Each structure stands twice: as C-alpha cells, then as structure tokens.
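Step one of this worksheet: look at the structure below.
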Amino acid sequence: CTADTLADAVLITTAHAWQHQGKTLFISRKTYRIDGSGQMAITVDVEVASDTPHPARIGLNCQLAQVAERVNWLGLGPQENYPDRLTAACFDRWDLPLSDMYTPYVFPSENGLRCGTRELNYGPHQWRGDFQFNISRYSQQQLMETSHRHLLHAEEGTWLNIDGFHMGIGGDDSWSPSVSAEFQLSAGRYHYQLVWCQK
Amino acid sequence: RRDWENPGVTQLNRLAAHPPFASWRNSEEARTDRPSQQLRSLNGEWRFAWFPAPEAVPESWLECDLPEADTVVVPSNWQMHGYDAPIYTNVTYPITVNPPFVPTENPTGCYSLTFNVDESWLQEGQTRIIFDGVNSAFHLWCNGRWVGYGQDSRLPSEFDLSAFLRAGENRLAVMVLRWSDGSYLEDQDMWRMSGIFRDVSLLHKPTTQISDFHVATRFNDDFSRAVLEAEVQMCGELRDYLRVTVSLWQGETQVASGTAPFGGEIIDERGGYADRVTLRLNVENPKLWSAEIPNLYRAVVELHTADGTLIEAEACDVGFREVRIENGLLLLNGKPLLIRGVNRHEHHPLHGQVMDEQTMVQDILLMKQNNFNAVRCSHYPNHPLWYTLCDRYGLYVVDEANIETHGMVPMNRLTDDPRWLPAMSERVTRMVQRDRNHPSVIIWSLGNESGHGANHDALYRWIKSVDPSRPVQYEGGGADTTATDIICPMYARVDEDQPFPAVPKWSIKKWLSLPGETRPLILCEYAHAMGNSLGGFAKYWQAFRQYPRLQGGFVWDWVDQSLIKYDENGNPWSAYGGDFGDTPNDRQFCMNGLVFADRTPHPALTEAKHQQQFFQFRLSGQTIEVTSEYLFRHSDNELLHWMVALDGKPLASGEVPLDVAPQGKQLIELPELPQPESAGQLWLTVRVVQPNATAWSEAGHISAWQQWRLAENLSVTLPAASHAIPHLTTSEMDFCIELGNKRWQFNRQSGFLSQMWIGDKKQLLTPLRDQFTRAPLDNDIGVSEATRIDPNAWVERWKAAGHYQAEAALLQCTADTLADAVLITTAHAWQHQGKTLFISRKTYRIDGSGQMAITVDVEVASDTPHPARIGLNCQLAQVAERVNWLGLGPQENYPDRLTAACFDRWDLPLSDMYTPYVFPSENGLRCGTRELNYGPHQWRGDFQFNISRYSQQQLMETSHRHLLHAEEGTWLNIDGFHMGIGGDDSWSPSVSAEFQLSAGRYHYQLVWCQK
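Quick note, the sequences are listed as chains D and A, same order. Following the deposited numbering, the numbering of the first sequence begins with 825 at its first residue and continues without gaps. Following the deposited numbering, the numbering of the second sequence begins with 13 at its first residue and continues without gaps.
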C-alpha cells in the first residue's frame, strides 16, 4: 500500500490477496488515480487460481450512506439481465425508482444486476466505465442468511456492487451445474477500469 | 478421322480391363510374388520429339526416328524437360470451352523405342503391351503399322502385338496428344502435365489364358467362418482337361484349396458360362483385415491340366473384411469406422506426377505416424502398386474415377448428356474391373465435383450391381442425391450454415437431422490446410467423436503441388501457378497440403496428429481414464509415460504399461504427486510411447499425448527495495531514464520508446510501437486478386478500412518520477481519413530493480473490421543463435490451433522459429507464452509472440519464400491478443466468432528486464 503525489494527480497503489487455510485464491492489484478535475480512477487487475472453483463475481463492494429515490444508468435494461440472459435488455438511458431495482424473489439471492452499463448515476455520485452493477437496500450477506423475502429488512444507507466481470446463472436444470463454460469466470487474469466523480 | 475430338470413340483395338497380371509359369513363384520373366519392363531410355501440332509430324517418323529427336527417360512428363510450360488451373479450363473440340495448336509428343523380342514369345501364345498411364490420348504404331488408340489417362491401356511383333529389332512409335475430348473430363485440381507418366511393360500369355479373376468374401455374424468365392474366366479354346486350383496361403502354410473343372451354374434359361468356373473355399477362424492389423492371405489361381501340368498361375493378395452400411452406420467387420483420412495427389517432389515406390512408402509411413488410417485416391485411379502397399501397411482406400467437369456451365452440362455416357462408362467400369480385388479399397467413388446427372447415378448403381461388397459415394449435386450411400460434402462447417442456391452446404450436425435423411456422413473434403491454416480442427473432431453418424472425413490434402524452378545461379526454389508463363492460373492454390513438396511436415501436421489419436484421456482427481479408439486390436505395444512439471522444471515421472481392450476403458492410479510451496503452475503431461518398432514406426514412437493443469501456487512475495532509484532527465524533445549501466530513451514527438542502451550497445533499430496488422494469410486473402477484389475477404476489409495505412497520432505523453520508479504515460490514436480506428494508452513503469513494466489498454472500434492483432512491434539490434521461451510449443500454434502444443520450457534455434511457407505470411506465432528469453533480453507476462529475421512488411510484399532476405537485427512481435486463422475453406471467411478480436477494450501487461 503505497502513495505518491504526481504532477496533476495523487496516485494510490494497493495489492491484496485472499487466503483460505494457507491457499491463496485471489490476488488483486488496484491503482487509484486522484485527478485534479475531481474524477478518481480505479484500475483493477485480478489474478484468480483455477484449481479453486471459478468465482461467481469479480468486482467491487461498498455501502453508500445516502438513500436516493431515483437511480439513473445508461446501458442494457430496464429489466434485470445477466451475462447468459441479456438478449432482451435494450441499451438506452433508463430512469427507475430504487424500489424497482430490487426484484422480490421469494427466496432471496443475487438479483437486480444490469449488464453492459457505461454510466451509472446515484444521488451525487457518478460511475463510468464498463461494468455490471446491482443496487439495493439489502446486503449480500443478508440475502444469503435470510430465507424469506418478508423477513428481509432494509439496511442503513444503500448497498452497491459494481462488477467488472460476472458469471452466468444457467437455467437448463436446477439440480445440476447448468452454467456453460463460455459464461464461467475461468480466464485467470481479469482487468477493468472505473471512473468515480461527482456530477 | 480426328479421334481426339470425338466422345463416341474412346478406344480402338484395346483389350478389356482386368486385375493386375504377371503370367507366372510356376505356382511357387506366384505365391511369394517373385518377379516373372514373362513380364518385361519397357521403362528406360526412349527417343522423344516435340511438335506444336499432330499435323506437323512428318510421316518419316513412322519408319525411323528423326536425327533431331532427343533422348528422355520413361516414365516422364515432357513439360519438366522444357518442351512446354505446365499449366495449373483450379476451375477454368486451360483450353477454350467448346466440347468436344480441342484447339488446333495441340502439343504433341512423339515417343520412339527400339528393342529386342525373344523368339520363344513369337512361336506360341499372345504378347500384349500395357500402358499404365498416358496423358492424355495417344496413337500406337508397331513396326510402322497402326495398332490402336487410347484416350484414358489414369487407367492402363492394353493392346495386342501378336500379329505385329517380329523377330529381331522392333520399333514402337507412340504419338501422345496433350488435349483430347477426354480432357473435358479431366478438370481436376492439379498441374496440367502431359506425357507417358506411368510404366510401360510387355506381357506374354499362353494360347489358353486366364482372362479375369474375381475374389469375394462372405462371413457370418461372429466372423469365425468365412467363405471364399472365386470367379475365374478364360480366353482361348475350350477343352475338357483344363482344371483350376484356387489355393489360399498364410505365410508358407496352406489354409484351403479347391479344384473344379470348367463350367458354371445355370444362370438363365438355356445354360450358363462354359468358360467360367466357381470355387468356394472354406476358412475356419480367418484373420480379419483392417487398418490396425493388416492381416493378408495369398490366393494363387492356377490353370492346369488334369494330369497336373501347369499352364499359367496368377496370384493376388486377399484380405478378409466386409464393408457394409446398416442403420445409417458404415460398419467394417461389425464395428463403426471413424475415418481419419486425407486427400492425396500423385505429386513427385522432382518428377511431377511420375510416382515411384520409395516416395509411396515414405508417404505411407508419414501418414501412419501421424494417425491417418485412410486415403482418398483423388481425383483419379492410382498406380496399382499404391493399392498393394495399402494392403501391406493397412490404409483404407477410397477409389475414385477420373471424372471432373468443373469448367462447364452449368456443372451437369456433360454428365446429364447421354452422348458422353460411353466415355464415363469406360472410365468407371474399367477402374472397377481393375481394383475390385484390393481389400484396401473399401469405398468406390464416381469422381469429384461434376454436378448431378443421370449418367453419374447410373454408374453409381452399376457399381452397386456389379460390386455389392463395397459402398459407393458421390459428391456432385449437393451431396444428398440418389448417387451416394454416404453423405460427403466439401468443407461443410460444424455449426454455421451456408445456404447456397440449389446446392446448400448445411452444417453437418444439422445435415444429419434433416427430414428423411438416414445415410452416414463422411466428409470427402474438409479443413483446407492451405499454408498457415487448419484452424478449428478440434471442433471438427469433437463433432466426429460426439456424434455416432459423423464418421470422420478426409483432409484436403496431403502434399503441396509445387514445382522446382532454378534462379540465375542454379539454386532450386519451389514455384507455384503463373511462374512458368501459363495464363490463366490460380496463383498459389496448389499448396494445400500438410507436408511440403520434399515431404517436410508443416506445423499443421502436428495438430492433425493430435486430433486423430486412438487414445483419449480424462483426468479426474488423481486418476487418469484411458479410452482406446482402436476397433480390432488390443493395446500390446504401448505404455503410458507421465511427468509432472512446475514451470518447465520436472519433479516426478514414470512409465506405466497400457492394457486397454479395443474401445475399452482403463484406470491409471498415479502415485502421490509432489506438493511444492514455490510459486508456479503444475502441469501433468502424459504420452503413449511404443517400445517396439512396427512396420511403419520406429522404437520409441509417440502416438498420443494430453496435458492438464494441476494445483497452482500464486505468487504473494514482494520484490526487495532497490537501493538505486532511476534518474529522470527532461529534454526539449526527449525523455531519458538512467539506472547506471541501463538507459532508456523515449521520443516525445512520436510518443514511443525510442532506444535502449546496455553499456554503449544500442538494442533497437526501430522504436517500440503498436501493431494491429499482420501479414495476410492464404485463408485471409481468399480468392481476391489485384484485378478482381473480393469485399468479403479479411485483407480487403482491412485495407478498405485503412488498417494497413493508419498513422499513429500522439495525444498525450507525460513523464514523472516516483519514489522508487519513473513513470511514463503515453496515449495514441490511429486515424484513417478522419476516422479513429484504434486508441491505445500505455503506462511505462521503470523500476529501480531494472525491470520495466508495460501496461497496454486498447480501445477498438467495431464498425471497422476486427483487427487481426493487438500487440507490440519492435526490431532488436542483436541476432542471437538460441531463443528460449516457456509456454506452448515447440511447434507453431495459433488461438484456434493450439491443442497440440505443449506447455513446457523449449529451446530452439532462431532458424526453426520461422517456418518456410512458400507464400510468405504470418508465421511462427507461439501462444500461451509466460516467459520469453532472447539474448540479453527477457519478457514476462501473458502474450503471443513470433520472432524472425524478416519484417511483417517484407512478408506482405514478397510473394516467394526464396526472394525473402534477412534484415539487419531481429524482428519481434509480441501480441497480447491474436485473431484466429480459420481453415474451413480458403475462399470464404472461416474464422469463428469466438476467435475474432471483437471485445472492443483489451488489456495486457508486459515486464521487460535483462537477465
């Protein structure tokens, strides 16, 4: 974790590793560039082991402290789509309320993802690049533990998961692994860039 | 009478076709195939003269040879001796399209030969001459007297000289014509040569002869009891005391025998053939013939008297096998075949289409060592020794009649005309009569690419009527007509549909599921291996192995058809179409083979070998599942050799013997694999090694290999803090970074890495820039010329979009020194006519340890055609003898063709890095490279690299490999992403959408350091 100030920027370098029982699964090396114009740039480079099962997601996780009524995003939509199910979504400028961002599946799971997003606006924040995002009031952890949609409770602030790469969901059957090999995150090295600015 | 301009006459005084004859006078000589003194070879020194027209030949040549005539060898083609220029053409005819008339200016070759005949040959019996092949039509004279006329070029022509030969000196005069009416059925894809290109021989028979002999085999469901039916024919007088013995021998041991006096069963209302006899021989537990175990029997037929005096004995090689189709599956000995065939053309490296035994055996050895079990005699009947060697070595043979009418409009202009039915009838039935006794011949064929006419299907089921023991296939008409039992399309893709009008080439998986379709599918021509080609072979063979009714195919083709020319200093060099003054010509379309003209293997042959293995491997946990694809043999000459490597460094290895039943399954349990704590990747490589030397392989031959990816140790260590920090100096036009001995230089005007200094030695001759364009491949060009442009070709799309003409524009170039680094940022854009095609933003990080890091991020427009390459281009100033790289290899591989390459540490000379394609193009690429070492330089990361002495630009401009000149220094192209090469065909875009660079945003990282 090193920091250095540039001529018209401040450059932040970090590098992490996820280890389980002495085995390193993921290694990510980020480069935060803080420009003088106000935009801050995130470049993520992730090394993934293949002996471990392929990850369902390579992206970022954060919880905003502001709850906004409207969410603007320019990309595929306006309905929920995924890497294996996106032929119906249309690339346009979509404006939706935050409640419509979370689809109410009776069994809580990963939901609300929008693929092919080039620009995302939420409150005073703006994200640009090429990413897959979902936004809700409920954390991923709560979606794992809670088994009924009526037992879910809205958490403080707003949870946001921006994903550079996402794994397909399958659907040929519900008792065998149905995800095709072309939708599995199995390349090994992944890279995506983010631009964070206030509009 | 101009007999060469008339389809109604194809022969005059020509004897009937038959299986091949030696006329032995001893059964023991026939049994072991010793040479017979009754069969004389007339090959040798002949007198040759050339004339521009048959009418220009003086009639004094009929009496004695001309003093101006030269002496050539026979068999040979006079085109290779300078008398004419050989013409090659793929589709368009070399003459005007006006059948059945040929042009008046007809090249004519007059062959003369003087020799002696023993007086014992003239006193009794019949003496006949055999012309194994004459291209195209010829008139024959004996002692100044006209004998006969021949038209066919790939089948033997036999004439009688018993009333023509005289005691003492005899002269034979042969007038060969280049073009004839039969040449309209000879539009096959080869160098159109001419001459007596096959053997000429004299054969002597008694008065009462053995006319023809048919051999057929019949089995039961368990193949334990076989019936050998021998049909025997005679020419000559009918006497009561003539008897026939058909004897079957295995080695020196007699298996079965039978003697019957002449006279057949009653067939029709008033009797049967009195000159035909039938022998049924019973064999108990026969050894079945196959491509794996070529078990052969020697059947010796003899014509003798009731007292036992032998008149004549004839012998042939008999293989006990059956080929039949039920339930839409081609079955050989009850098992479904998986054809691993390859198209083969008779092309000698030095003598054109003059074929000898040495190159035949070399071809069979190279084919069998590369996991090919079949051959397609394309597109003509072959030299009869080829079939004998296919029996001896065990290759399936698809015999094809020499018929092709690719130059008419439409395709079925001649083949639907009943006037041309006699010609193709004598061109099919004679080949059927000749090669029906060869067990290697398993599938008959009518010809290639002549449309669908009534005459075609008529001949097809004529072969069904005469020879029901073999299936017979035909292409023309869309490969779905009634003229075929096997669906055989040309170059049909695995998945993508190409619906041409009225002849649609559906994908094979969709083709087999068509309504009302039941026949099996074997591709007669697929996977065009034209130069840098053969991509997607893995998809083809996965489709073949997954589907039961997909029974393989034939790769087009085996050998390049390139002729040897000489420069001003006499150095030989291979030449293609148009290099001999011939017009028109399809420019290099004669090099489509998996080997060179001198039988040097291409890098595609390794992929063809790997995709055709008879052993399949599956790794589950620590166990290896070995699956055999052999249909009749047990694994008795194979052992499994595994090895575990950590980044090219061997850790554990061993040998396990293989015991797998035919189409069986065996479990191999590997010992405890080592578990290292050091960073790297564990790769498990297994090889099947043959310990003993077979008749086609040497001791230690590798037949199959497969390599997986085991548990990985990701690197989490940190580099040590360098005590020295790089010094950054800013100039008015230049950025220079010093580390002491190491110095880098960046040009601010061009925005690229200008130079690098080790001590006082410069390292680059040209600055490190981008490269989004490669030298166009043969599949990439297609059928586009400079005169005629094909807009669907990849190269024409690129040059229309200005990929080869875009100029780099500098957008930003900033420098700043960090705490333990010097950081360089650049950003460029390629623009053509005001349209920005590519935008690349690099970040050069110069560390204090000496390693310099390159991070490339490229934005690519998609409205422009997808680039063939996203990578870096530079020319090193040092030429090194050895190049070290750790990755897939050691042969050339590509994104669509890399299943055969193995991930290991490879050391090769620099000359082996450049494969010598006759037409220069992109070559030498190695995929999956993790580390590359060249001289004092080391590159690390994930990239595809090729290294040579020749620039990409020189490969584009230069059209002959002998005109290429080594440039100063060493050219290197490191590519983060490369586009696949295709290979389904060479006239349409064959690159699959999964191998096209169409993502839009690409990123790759490089590490440059000095070792």
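All C-beta atoms, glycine included, are put in the ideal place defined by N, C-alpha and C.
Under 7 Å from the C-beta of residue i: neighbouring residues of chain D
i: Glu724(A); result: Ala873, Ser874, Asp875
i: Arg721(A); result: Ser874
i: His1015(A); result: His1015
i: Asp954(A); result: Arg1013
C-beta contact flag for residue i and residue j at 7 Å
i: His844(D); j: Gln1008(D); result: no
i: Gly936(A); j: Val1019(A); result: no
i: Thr441(A); j: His464(A); result: no
i: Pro738(A); j: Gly565(A); result: no
i: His391(A); j: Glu416(A); result: yes
i: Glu871(A); j: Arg781(A); result: no
i: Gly137(A); j: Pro32(A); result: no
i: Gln757(A); j: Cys748(A); result: yes
i: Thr427(A); j: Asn467(A); result: yes
i: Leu260(A); j: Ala327(A); result: no
i: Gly276(A); j: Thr290(A); result: yes
i: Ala514(A); j: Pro501(A); result: no
i: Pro674(A); j: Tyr642(A); result: yes
Amino acids of chain A, ordered along the chain, whose beta-carbon sits closer than 7 Å to that of residue i
i: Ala865(D); result: Near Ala865(D) there are no residues of chain A at all, since even the closest Cβ is about 11 Å away, more than 7 Å.
Residues bridged to residue i [DSSP beta-bridge criterion]
i: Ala839(A); result: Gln824(A), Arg853(A)
i: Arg909(A); result: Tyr906(A)
i: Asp411(A); result: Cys389(A), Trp456(A)
i: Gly283(A); result: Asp280(A)
i: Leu888(D); result: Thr982(D)
i: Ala325(A); result: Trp36(A), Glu314(A)
i: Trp203(A); result: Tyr100(A)
i: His990(A); result: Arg881(A)
i: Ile737(A); result: None, per the DSSP bridge assignment.
i: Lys677(A); result: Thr639(A)
Helix, strand or coil at residue i [DSSP, three-state]
i: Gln1017(A); result: strand
i: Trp999(D); result: coil
i: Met502(A); result: strand
i: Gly194(A); result: helix
i: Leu343(A); result: strand
i: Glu277(A); result: coil
i: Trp73(A); result: helix
i: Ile636(A); result: strand
i: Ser923(D); result: helix
i: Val146(A); result: coil
i: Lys299(A); result: coil
i: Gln965(D); result: helix
i: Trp58(A); result: strand
Cβ separation of residue i and residue j, assumed to be a contact under 8 Å, to the nearest whole Å
i: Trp191(A); j: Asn118(A); result: 5 Å
i: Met925(A); j: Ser960(A); result: 6 Å
i: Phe143(A); j: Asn25(A); result: At roughly 13 Å, the Cβ-Cβ gap does not stay under 8 Å, so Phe143(A) and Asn25(A) are not in contact.
i: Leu776(A); j: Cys886(A); result: 6 Å
i: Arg288(A); j: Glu243(A); result: 7 Å
i: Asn232(A); j: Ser302(A); result: With 8 Å as the limit, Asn232(A) and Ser302(A) do not qualify as a contact, their Cβ atoms being about 18 Å apart.
i: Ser148(A); j: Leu173(A); result: That pair is no contact at about 22 Å.
i: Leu984(A); j: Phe957(A); result: 7 Å
i: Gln1022(A); j: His949(A); result: 6 Å
i: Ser72(A); j: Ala325(A); result: Rounded, the Cβ-Cβ distance is 44 Å, inconsistent with contact.
i: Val567(A); j: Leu524(A); result: 20 Å between Cβ atoms; not a contact.
Neighbour list for residue i in chain D, Cβ cutoff strictly below 8 Å
i: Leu658(A); result: Chain D residues near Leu658(A): none, gap ~14 Å exceeds 8 Å.
i: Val1003(A); result: Under the 8 Å cutoff, chain D gives no residues; its nearest Cβ is about 17 Å from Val1003(A).
Chain-ordered neighbours of residue i on chain A, where CB pairs are closer than 8 Å
i: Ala831(D); result: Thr826, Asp828
Chain D contact residues for residue i, given Cβ-Cβ distances below 9 Å
i: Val506(A); result: Result: empty, since nearest Cβ-Cβ is about 16 Å, beyond 9 Å.
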